[PDB]
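What shape does this take:
(2 chains, ligands or ions: 2)
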Amino acid sequence: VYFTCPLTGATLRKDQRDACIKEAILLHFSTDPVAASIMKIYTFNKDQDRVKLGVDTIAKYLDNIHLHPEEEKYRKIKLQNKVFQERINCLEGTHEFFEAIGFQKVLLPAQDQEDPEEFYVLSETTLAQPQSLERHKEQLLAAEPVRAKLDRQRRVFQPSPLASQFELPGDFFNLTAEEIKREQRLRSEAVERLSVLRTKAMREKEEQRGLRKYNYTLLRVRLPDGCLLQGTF
Amino acid sequence: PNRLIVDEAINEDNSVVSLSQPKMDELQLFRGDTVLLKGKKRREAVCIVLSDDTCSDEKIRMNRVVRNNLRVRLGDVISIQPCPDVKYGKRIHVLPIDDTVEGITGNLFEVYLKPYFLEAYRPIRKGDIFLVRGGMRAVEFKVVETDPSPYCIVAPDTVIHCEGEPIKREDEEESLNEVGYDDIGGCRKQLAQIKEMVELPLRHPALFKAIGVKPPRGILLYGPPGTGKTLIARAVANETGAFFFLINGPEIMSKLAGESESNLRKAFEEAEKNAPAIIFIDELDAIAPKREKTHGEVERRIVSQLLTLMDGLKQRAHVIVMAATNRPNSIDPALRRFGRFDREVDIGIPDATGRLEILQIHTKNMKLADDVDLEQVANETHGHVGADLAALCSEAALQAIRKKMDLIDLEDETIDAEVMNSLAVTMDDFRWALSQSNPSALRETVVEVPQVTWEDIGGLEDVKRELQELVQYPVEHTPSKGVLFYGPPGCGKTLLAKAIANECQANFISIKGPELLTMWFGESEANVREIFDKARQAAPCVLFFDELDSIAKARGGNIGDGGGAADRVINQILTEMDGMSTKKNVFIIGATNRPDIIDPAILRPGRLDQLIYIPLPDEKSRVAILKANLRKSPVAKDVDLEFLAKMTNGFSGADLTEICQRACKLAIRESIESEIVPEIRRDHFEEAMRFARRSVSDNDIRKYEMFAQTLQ
Ligand SMILES: Nc1ncnc2c1ncn2[C@@H]1O[C@H](COP(=O)(O)OP(=O)(O)O)[C@@H](O)[C@H]1O
Ligand SMILES: Nc1ncnc2c1ncn2[C@@H]1O[C@H](COP(=O)(O)OP(=O)(O)O)[C@@H](O)[C@H]1O
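Residues are numbered from 1 along each chain as shown, chains lettered A, B, ... in the order given. Ligands and ions are numbered 1, 2, ... in the order given. Next comes the structure:
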């Protein structure tokens, strides 16, 4: 199965998808640090429920300083806060986003402890114009994870009547000792399986062995004009 | 490579076969692609391939219609060759087979071929034979001309022609209305047992001609009449190709001395000449009754002749003899000695699932109305066997025929296909036939998987786990093969035995006091051997001995007559248990309300080693019991089940059920009186509480606790 990476245009296989997109997002920081960190927050982190809480908590910190830009107590986001640690600190790309939208990582004295604590502090250059953070907040909240687009690989085929012309060997229909012993063993095992007294948990352990083989499909369409149309979904 | 062993179909459709997905991935064909199948005698057939979760990796599943076109049988091998070049057809010519179009007239295309092919896009090849069902007739057609060759897809734009006399069947072609494996409903396990024993020596004679060890010479099929004993024997012969010789008691016994024995041995000689062959002897108890029960020379000499004919099978290579009887103990015991008829299969009585499948088989040709529910019929037809379900479908058809035929008024040698195809059988016609039908096996014990599950038992969470461990441990990893339940009555002893059988999909055999007492009083404790033999044949099963001390009570219980702890029946039970292995897949459960007076032998190591105490439910369990009992009825939000449980401190599960049913009786009466309210209200439970009482006294609990403390 083949995919196209929307950030590079490269043709990838199913296992190469995350490797190329992640690299493209980390390189994108040279063009637009905010857009690159936004892609990293949604794309790198597999747990989307935590990503939604992370970006919502970041949006609240930005709106707090937006409402009271003249009060210094809303300019510093504490990295050791219980809410920050659970929702934001657990995700990749959230620290890069803060730096990209004008927050510096500094150590400030605590209001009740000698040991300095870690804060993200908004600079005066960005605080003077809240419209910049308001746009960056919407760009983060409106984002989605980056995933390689599935290549349909539209193809049409013409069957060849020659593929159906084959003659079997004269001894084809003569079964071997292994084929006859295997069939009789399967008959004895089939009768035994019906005879066994077992609980539902033992039954499910065997039945469940057939459930995990596929996550992609190839479809064909037989058209009135004799053409065979195929694509990947 | 590209070759698979022919197996039974799951999808009954005649244009499709099923492969295991890994083989479709090796052949690089998709679900719905058209393939050719290469069979014996340079013949081929065209069909569509799908896949499922049940086909073996090395097998191909195809039905009888496809196998006949390839002239192959179950166990053979065919090649699969995809043919994506198949094109849509322009014109086909299909004509019926005369053997199935007799007595029927009208426009066969409009009734059969048109809806069969319309929007179906079925592959078709010249020379194909296929079956279309409808109008209470099974009509098969042969393909005589295709404009494209040698095969095509029949599309809605393909011209379907059908003109000319019906085709006479060729001598190499078999009728699709002959009994096969697809005509057998329930008793799949029994059929599988016959396959293991019979199909190999018949499909591959060369395997046994090279060795001095003979395959089983005789198989005894027993059970009530109308269960399929003859149907299985015929289906196996027809599917493997062995010649089927039919013998029955009355045919031989009706003859005079000399002619009788001559006919019996002549049939055996014919089977040898036509070997491989199966000889089916019906009513074995009539041809070979117990000699000690008759003084006639004819009966004794026929038994002696049959005994020598069975022994002669070591020379009559590839001849297998099968016999049908009502009971293995109703025939002369000489036949059951080493050799001869030393393999026995219990056909039994179909359960609710088997009865449904049997009805679905019989209705294959019948048009059913939208109101017909065969599952409901199968649940009502308790005590019926396949012969009675066949009569049921016939009677339902005849009632439907009369209702419409009074309007059709077609009096001639043949009946139009259109007027038969427009006839549908309604639910009222099945219910009418059910009222007129009378089951032939009503007095016989019915053994089936119970419908009681773990969600029906309140409380006892640890006992549930214990039973699951006792059954699961010997299979997942000397484990005990039985448990005795003791404690107050009405706490779930029987339900526990049923629930473990339910979850395991095991047969539940219920032995109740009256049956233990009948054996005692009638001095017929030999029936215990048949009970344990039934448990073995029914495996997997749970053999439940309720009221274990019922006979001790019949003999005085606390007083006593000529006996005490042990009796005729329990000693026969001990005899059989000591001969049963843990590998027989039979789990024996007992129950008693007086564990102090049961023959202590039953609890000695190797027998009922596990003992579980079932006390009265606690408060949280009583709530669970009330919720389970009310799971089938609407209950008002004002009903406080926890409050009721708090009051009913000394009540058993059976006593809580009486309260629920009393509340139902009151709620249903109010609804009926209003019609002449829709849910059970607290007022109905509060009134029930005025009559319900605990059935287990405090002194009885002490008695059970002391026993539990005795064992620890
Ligand atoms: N287990 C079964 N499955 C399907 N059909 C059955 C079964 N048992 C009986 N029948 C039907 O009942 C009839 C049996 O009659 P018969 O051929 O005399 O056999 P037997 O009397 O030995 O059961 C047939 O019509 C058969 O289709
Ligand atoms: N633990 C339980 N949970 C739910 N219902 C119970 C329970 N114990 C007894 N009953 C009720 O009592 C009735 C009789 O139970 P049963 O197991 O037949 O008693 P016994 O084993 O003494 O014959 C059942 O219909 C059931 O509704």
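
where does chain B come near ligand 2, residue by residue?
B:457-460, B:489-495, B:591, B:625, B:628-629, B:653-654, B:657 (C-beta under 6 Å from any ligand atom). (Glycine included, C-beta is placed from N, CA and C.)

If we use 5 Å, what do you get?
By C-beta under 5 Å from any ligand atom, the residues of chain B that approach ligand 2 are B:457-458, B:489-495, B:625, B:653-654, B:657.

For PyMOL, write the selection for the buried entries among those.
Command for PyMOL that selects the buried part of those, burial taken from 16 or more other C-beta atoms under 10 Å in any protein chain shown:
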select buried, chain B and resi 457+458+490+491+492+493+494+495+625+653+657
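
for the residues of chain B next to ligand 2, which one is nearest ligand 2?
Of all these, ligand 2 sits closest to residue B:653, with 2.5 Å by C-beta to the nearest ligand atom.

and that closest one, what is it in contact with?
Listed by C-beta atoms under 8 Å, 6 or more residues apart in numbering or on different chains, the contact set of residue B:653 reads B:458, B:459, B:490, B:491, B:492, B:617, B:625.

The most centrally placed residue in chain A and residue B:114, how far apart?
Centroid-nearest residue in chain A: residue A:46, 5.4 Å away (criterion: C-alpha atoms, centre = their mean). Counting by C-beta to C-beta, to the nearest Å, the separation of residue A:46 from residue B:114 is 56 Å.

Now do the contacts for residue B:501.
Listed by C-beta under 8 Å, 6+ apart, the contact partners of residue B:501 are B:449, B:450, B:507, B:508, B:541, B:542.

quick one, strands of chain A?
Using DSSP state E, the strands found in chain A span residues A:2-4, A:11-13, A:76-78, A:103-108, A:117-122, A:149-150, A:155-157, A:218-222, A:228-232.

Show residues contacting the shortest one.
Judged by C-beta under 8 Å, 6+ apart, the contacts made with strand A:149-150 from elsewhere in the structure are A:1, A:2, A:3, A:4, A:6, A:232, A:233.

any idea how far the fourth one is from residue B:601?
In this case it means residue A:4. The value you get for residue A:4 to residue B:601, if C-beta to C-beta is used, is 79 Å.

cool, the last one as well?
Computed as C-beta to C-beta, the residue A:233 to residue B:601 distance reads 69 Å.

neighbour count winner among these two?
Between residue A:233 and residue B:601, counted using other C-beta atoms under 10 Å in any protein chain shown, residue B:601 has the larger neighbour count: 16 against 9.

wait, the more buried one sits on residue B:575?
No. Applying C-beta atoms under 8 Å as the test, residue B:601 and residue B:575 come out as separate, 10.8 Å apart.

Show me the helices in the stretch 301-450 of chain B, by range?
Remark: helices assigned in the stretch 301-450 of chain B by DSSP state H, counting those that start in this stretch are B:352-362, B:374-380, B:386-408, B:417-421, B:427-436.

residues near the residue nearest to residue A:108 when sequence neighbours are not counted, how many?
Setting aside the residues directly before and after it, residue A:108 is nearest to residue A:119 in space (C-beta to C-beta, 6 or more residues apart in numbering or on different chains), at 5.2 Å. Counted with other C-beta under 10 Å, the neighbours of residue A:119 add up to 19.

What of residue A:94?
By the criterion of other C-beta under 10 Å, residue A:94 has 23 neighbours.

how about the nearest residue to it, chain neighbours excluded?
Closest to residue A:94 by C-beta to C-beta, 6+ apart is residue A:88, at 4.9 Å.

Check residue B:490 too.
Residue B:490's closest residue in space is residue B:654 (C-beta to C-beta, 6+ apart), at 2.8 Å.

and the helix or strand hosting residue B:463, is it in reach of chain A?
For residue B:463, the host element (DSSP states H and E) is helix B:461-476. Yes. Against chain A, helix B:461-476 shows contacts by C-beta under 8 Å from any C-beta of the partner chain at B:468, B:471, B:472, B:475, B:476.

Keeping just the C-alphas, turn that helix into CSV.
Extracted in CSV, the C-alpha atoms of helix B:461-476 (Å, rounded to 0.1, in the frame of the first residue of the first chain):
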residue,chain,number,x,y,z
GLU,B,461,-20.1,-15.3,42.6
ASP,B,462,-17.4,-17.6,44.1
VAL,B,463,-19.3,-20.8,43.4
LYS,B,464,-19.6,-19.7,39.7
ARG,B,465,-15.8,-19.3,39.5
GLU,B,466,-15.3,-22.7,41.3
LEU,B,467,-17.4,-24.5,38.7
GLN,B,468,-15.6,-22.7,35.8
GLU,B,469,-12.2,-23.8,37.3
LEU,B,470,-13.3,-27.4,37.8
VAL,B,471,-14.2,-27.6,34.1
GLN,B,472,-11.5,-25.3,32.6
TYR,B,473,-8.5,-26.5,34.6
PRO,B,474,-8.3,-30.1,33.2
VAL,B,475,-8.5,-28.6,29.7
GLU,B,476,-6.2,-25.6,30.0
